[PDB]
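K.L.:
Here it is: the structure, laid out below.
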Amino acid sequence: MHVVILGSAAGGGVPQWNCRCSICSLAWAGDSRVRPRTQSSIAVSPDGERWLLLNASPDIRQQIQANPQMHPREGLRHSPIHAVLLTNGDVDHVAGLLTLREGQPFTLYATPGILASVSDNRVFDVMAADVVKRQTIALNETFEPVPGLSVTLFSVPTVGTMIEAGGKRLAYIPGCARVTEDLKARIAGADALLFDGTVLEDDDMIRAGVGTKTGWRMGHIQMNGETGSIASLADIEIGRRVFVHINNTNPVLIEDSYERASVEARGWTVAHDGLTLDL
Amino acid sequence: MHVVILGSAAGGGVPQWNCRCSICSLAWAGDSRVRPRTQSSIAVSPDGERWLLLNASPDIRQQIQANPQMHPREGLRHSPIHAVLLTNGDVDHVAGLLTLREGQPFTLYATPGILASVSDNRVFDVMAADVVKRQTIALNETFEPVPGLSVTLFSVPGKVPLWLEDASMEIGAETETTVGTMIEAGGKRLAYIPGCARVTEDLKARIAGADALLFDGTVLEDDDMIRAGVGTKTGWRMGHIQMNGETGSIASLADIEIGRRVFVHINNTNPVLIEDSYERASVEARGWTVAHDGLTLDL
Ligand SMILES: [Zn+2]
Ligand SMILES: [Zn+2]
Ligand SMILES: [Zn+2]
Ligand SMILES: [Zn+2]
């Protein structure tokens, strides 16, 4: 299975357009210690030519350009993107759909609620009805949007996505409020886990001076602590642990930081845009 | 007056995500003959610190990053973007609004028809009502969205946006649906008309005397997209007067006085995008600049 992480940041990206926290400020200055990041999205393929897009972020046009895997093939309307899956209806998950409009056939997958919400916005009609097939999917239902690629959505404490091809398994869970034994049982054995890395400490955004809400308040389990994701996930088998959906206020974004080293020392990769996996 | 062209391409940008025409292919390969471009948007300021955004493209986050003028200032929620004005309801002009959502105060300006069309989409509620003021402006009404910067809206012949197209489609008519903008600060005048189906004597009267004109450069010939092999739609069909011909924009605008002529909103299929093309040389010889991203004007 081929994986490309198109966007590794949480909503707002890195930097965020109206943020001047210490991390974003480094990015604005073009300091090498902080790599700019687009908003969460990954692409997965069973064969390396036909791809499923997971969520369509506001940065999708930049993501397609930056990643050769996404570049159109020779001829008319010949994109490697065959399907798009929406895991939720948030603006940072659907705004990219407005870019995918120029008569390109693909299949859009989502739950009935999300598809209905999209259809309730006429601006998304740029995905022409005679061009883009809109297909409802149920939770816990396995389907095959690309031949050889099995996809299943499942609830998490909000949905996670289980992707399977050629005996390999990837769990994609960019948003997670808490790690349960139930969740761990689902993840265990996966060749790769891409997991909510929004905040390092519960009070990241407060310390950064950009907000008053804790990670808990916003539905994001923090990385650190006995109750954190790293500790909670440490005793199950996972081929590759990767943090995605990283907020601009997270100090793991700083390339030479102790925090980054600490998270890597505990077996976690901090994702950057264009990171690839061949499982 | 400070002007920065944030995006100089038409809808789709250059390259377009699903296009492999000869121009886009050069861009995909990183060939120097074609500079990559983001979608139509410019920013204007009377003082260089407080800015009005004209249109909000799908590339707006990249445009803000690439242009230091747009970078947020020290402190909390401190952006140089004070206001946004929409010239029409096309996706390449409004999609960027979804990015401007994180509690940042500004005023969104548009004609009543365009604002209503936008507001009818609940996805744009991410511009919170207690944060973003939505202010309608009438045709021919002058307003001042940034101190020292006067803006006037006026109707231009256009086409209704693709996502609002219908069986009795409007093409070339003058309504609240498509506007050009006259921008003035410190005695200098800028005309910004990224979309225009045809040039009227009335429009020429509006433009005449302007220090700069930034104008619809979507297609060189009516059949650009056909010649490029990417589509069947004519320039007329898409609501864009072509550059060339006795009836084209270059000829139509040649006999009025303009300090600086600049083409924006250029489609990926337009050969003026090719740096060394005869076509590019031809339009420059007739007094026109072909805009690129990050192009600045200090009027
Ligand atoms: Zn999110
Ligand atoms: Zn920040
Ligand atoms: Zn346009
Ligand atoms: Zn092209």
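Identifiers for the structure tokens are assigned positionally: chains receive A, B, ... in sequence, residues are indexed from 1 per chain, and ligands are indexed from 1 in the order shown.
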So which residues are near ligand 1, meaning at most 8 Å away with only C-alpha atoms and all ligand atoms counted, given back as a PyMOL selection string?
P.N.:
chain A and resi 10-11+39-40+90+92-93+174-175+245
K.L.:
Could you pull out the strand (DSSP E or B) residues of range 7-108 of chain A, going by DSSP on the backbone, and write them as a tab-separated table (two decimals) with C-alpha atoms, in the first residue's frame?
P.N.:
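File selection_20.tsv, as written:
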```tsv
chain	number	residue	atom	x	y	z
A	7	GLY	CA	-1.22	17.76	4.78
A	9	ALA	CA	-1.35	20.19	10.12
A	14	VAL	CA	1.25	26.04	9.66
A	34	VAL	CA	9.68	25.19	11.24
A	37	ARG	CA	2.32	22.57	6.58
A	39	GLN	CA	-4.17	21.05	6.48
A	41	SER	CA	-5.25	15.07	4.22
A	42	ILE	CA	-3.69	11.88	2.92
A	43	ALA	CA	-3.82	9.91	-0.32
A	44	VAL	CA	-3.65	6.11	-0.44
A	45	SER	CA	-3.25	3.65	-3.31
A	51	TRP	CA	-5.57	7.00	-5.56
A	52	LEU	CA	-8.16	7.53	-2.86
A	53	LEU	CA	-8.13	10.97	-1.28
A	54	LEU	CA	-9.05	11.11	2.41
A	81	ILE	CA	-7.33	10.81	-8.01
A	82	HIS	CA	-10.13	8.29	-8.53
A	83	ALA	CA	-12.14	8.85	-5.36
A	84	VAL	CA	-12.53	11.16	-2.39
A	85	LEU	CA	-13.66	10.13	1.08
A	106	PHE	CA	-14.46	10.75	-9.50
A	107	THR	CA	-16.59	9.25	-6.76
A	108	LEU	CA	-17.27	11.20	-3.57
```
K.L.:
Counting only C-alpha atoms, figure out which residue out of B:30, B:217, B:158, B:96 gets nearest to residue 280 in chain B.
P.N.:
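For residue 280 in chain B, the nearest of the given residues is B:217.
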K.L.:
Using only C-alpha atoms and all ligand atoms, what are the residues with an atom within 9 Å of ligand 2, set out as a list in words?
P.N.:
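The neighbouring residues of ligand 2 are, in order, residues 12, 13, 14, 15, 16, 17, 18, 19, 20, 21, 22, 23, 24, 25, 205, 208, 210, 247, 248, 249 and 250 of chain A.
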K.L.:
Let's have the selection written as a PDB file, in the first residue's frame, with C-alpha atoms.
P.N.:
```
ATOM      1  CA  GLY A  12      -5.460  26.591   9.961  1.00  0.00           C
ATOM      2  CA  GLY A  13      -2.270  24.909   8.780  1.00  0.00           C
ATOM      3  CA  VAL A  14       1.252  26.043   9.663  1.00  0.00           C
ATOM      4  CA  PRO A  15       1.492  28.948   9.837  1.00  0.00           C
ATOM      5  CA  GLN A  16      -2.119  29.993  10.403  1.00  0.00           C
ATOM      6  CA  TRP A  17      -2.998  33.091   8.391  1.00  0.00           C
ATOM      7  CA  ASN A  18      -3.852  35.260  11.415  1.00  0.00           C
ATOM      8  CA  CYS A  19      -1.489  33.725  13.962  1.00  0.00           C
ATOM      9  CA  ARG A  20       1.816  35.131  15.172  1.00  0.00           C
ATOM     10  CA  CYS A  21       2.607  32.612  17.915  1.00  0.00           C
ATOM     11  CA  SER A  22       6.297  31.745  18.297  1.00  0.00           C
ATOM     12  CA  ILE A  23       6.024  28.730  15.991  1.00  0.00           C
ATOM     13  CA  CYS A  24       4.088  30.479  13.208  1.00  0.00           C
ATOM     14  CA  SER A  25       6.420  33.482  13.494  1.00  0.00           C
ATOM     15  CA  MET A 205      -3.027  26.767  22.892  1.00  0.00           C
ATOM     16  CA  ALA A 208       0.768  29.997  23.142  1.00  0.00           C
ATOM     17  CA  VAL A 210      -4.042  31.997  21.055  1.00  0.00           C
ATOM     18  CA  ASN A 247      -1.775  22.390  15.452  1.00  0.00           C
ATOM     19  CA  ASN A 248       0.440  25.395  14.751  1.00  0.00           C
ATOM     20  CA  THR A 249       0.885  25.802  18.526  1.00  0.00           C
ATOM     21  CA  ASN A 250       2.535  22.393  18.987  1.00  0.00           C
TER      22      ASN A 250
END
```
K.L.:
Give me, as an MDAnalysis selection string, the residues of chain A touching chain B, with the criterion being at most 8 Å (counting only C-alpha atoms).
P.N.:
chainID A and resid 12 17:21 28 58:59 61:62 64:65 71:79 91 95 98:100 102 104 120:126 209:210
K.L.:
Keeping only C-alpha atoms, write those residues as a PDB file, in the first residue's frame.
P.N.:
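Okay, again-v5.pdb is ready:
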```
ATOM      1  CA  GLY A  12      -5.460  26.591   9.961  1.00  0.00           C
ATOM      2  CA  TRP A  17      -2.998  33.091   8.391  1.00  0.00           C
ATOM      3  CA  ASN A  18      -3.852  35.260  11.415  1.00  0.00           C
ATOM      4  CA  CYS A  19      -1.489  33.725  13.962  1.00  0.00           C
ATOM      5  CA  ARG A  20       1.816  35.131  15.172  1.00  0.00           C
ATOM      6  CA  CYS A  21       2.607  32.612  17.915  1.00  0.00           C
ATOM      7  CA  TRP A  28       6.552  33.581   8.512  1.00  0.00           C
ATOM      8  CA  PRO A  58      -8.507  24.010   1.702  1.00  0.00           C
ATOM      9  CA  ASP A  59      -4.908  23.551   0.534  1.00  0.00           C
ATOM     10  CA  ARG A  61      -4.434  22.605  -4.999  1.00  0.00           C
ATOM     11  CA  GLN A  62      -1.058  23.201  -3.351  1.00  0.00           C
ATOM     12  CA  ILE A  64      -1.580  18.262  -5.658  1.00  0.00           C
ATOM     13  CA  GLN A  65       1.225  20.446  -7.040  1.00  0.00           C
ATOM     14  CA  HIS A  71       0.068  15.132 -10.929  1.00  0.00           C
ATOM     15  CA  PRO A  72      -2.322  14.529 -13.859  1.00  0.00           C
ATOM     16  CA  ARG A  73      -1.349  11.928 -16.453  1.00  0.00           C
ATOM     17  CA  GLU A  74      -1.048  12.539 -20.198  1.00  0.00           C
ATOM     18  CA  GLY A  75      -4.233  13.473 -22.045  1.00  0.00           C
ATOM     19  CA  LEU A  76      -7.626  14.952 -21.213  1.00  0.00           C
ATOM     20  CA  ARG A  77      -9.116  14.812 -17.703  1.00  0.00           C
ATOM     21  CA  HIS A  78      -6.643  12.153 -16.593  1.00  0.00           C
ATOM     22  CA  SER A  79      -6.096  12.487 -12.844  1.00  0.00           C
ATOM     23  CA  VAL A  91     -14.914  23.107   6.498  1.00  0.00           C
ATOM     24  CA  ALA A  95     -13.365  23.107   1.253  1.00  0.00           C
ATOM     25  CA  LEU A  98     -14.453  23.363  -4.669  1.00  0.00           C
ATOM     26  CA  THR A  99     -11.049  22.923  -6.343  1.00  0.00           C
ATOM     27  CA  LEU A 100     -11.960  19.516  -7.818  1.00  0.00           C
ATOM     28  CA  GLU A 102     -13.260  21.173 -13.784  1.00  0.00           C
ATOM     29  CA  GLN A 104     -13.090  15.542 -13.598  1.00  0.00           C
ATOM     30  CA  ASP A 120     -27.342  21.769   0.884  1.00  0.00           C
ATOM     31  CA  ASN A 121     -24.630  24.146  -0.340  1.00  0.00           C
ATOM     32  CA  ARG A 122     -25.186  25.040  -4.004  1.00  0.00           C
ATOM     33  CA  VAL A 123     -21.586  26.260  -4.303  1.00  0.00           C
ATOM     34  CA  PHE A 124     -20.512  22.595  -4.170  1.00  0.00           C
ATOM     35  CA  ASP A 125     -22.530  21.990  -7.353  1.00  0.00           C
ATOM     36  CA  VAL A 126     -19.261  22.807  -9.133  1.00  0.00           C
ATOM     37  CA  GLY A 209      -1.712  32.761  23.960  1.00  0.00           C
ATOM     38  CA  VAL A 210      -4.042  31.997  21.055  1.00  0.00           C
TER      39      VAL A 210
END
```
K.L.:
Neighbours of range 178-187 of chain A within 10 Å (only C-alpha atoms; same-chain residues fewer than 2 positions away dropped), as a VMD selection string?
P.N.:
chain A and resid 154 to 157 160 162 169 to 173 175 to 176 189 to 193 216 219 to 222 227 to 238
